[PDB]
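Worksheet for the structure shown next.
Protein chains: 2
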Amino acid sequence: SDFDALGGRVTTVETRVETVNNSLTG
Amino acid sequence: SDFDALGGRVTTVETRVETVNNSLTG
């Protein structure tokens, strides 16, 4: 249906979590 | 359908990651 953008946004937040984690642990 | 609750959980996580980033970087 239209939850394809929802699936994209989940991947976005998945990448963002790792980005924040590695930035702050650095 | 019944994934709008999933659409709310993804948004609350998408703002939770930002609040975690801001709280820890502070």
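Taken in sequence, the protein lines are chains C and B. If you use the entry's author numbering, the first sequence corresponds to residues 218 to 219, 221 to 244, in order. If you use the entry's author numbering, the second sequence corresponds to residues 218 to 219, 221 to 244, in order. From the three backbone atoms N, C-alpha and C, an ideal C-beta is built for every residue, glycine too.
Can you give the beta carbon distance from residue i to residue j, rounded, assuming they're within the 8 Å contact cut?
i: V228/B; j: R227/C; result: 6 Å
i: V238/C; j: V238/B; result: 7 Å
Where does the unbroken alpha helix (DSSP H) through residue i begin, and where does it stop?
i: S241/B; result: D222 to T243
Starting from the beta carbon of residue i, find every residue of chain C whose beta carbon is closer than 8 Å, and list them in chain order.
i: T243/B; result: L242
i: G226/B; result: Those within 8 Å of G226/B in chain C number zero; the least Cβ separation is about 11 Å.
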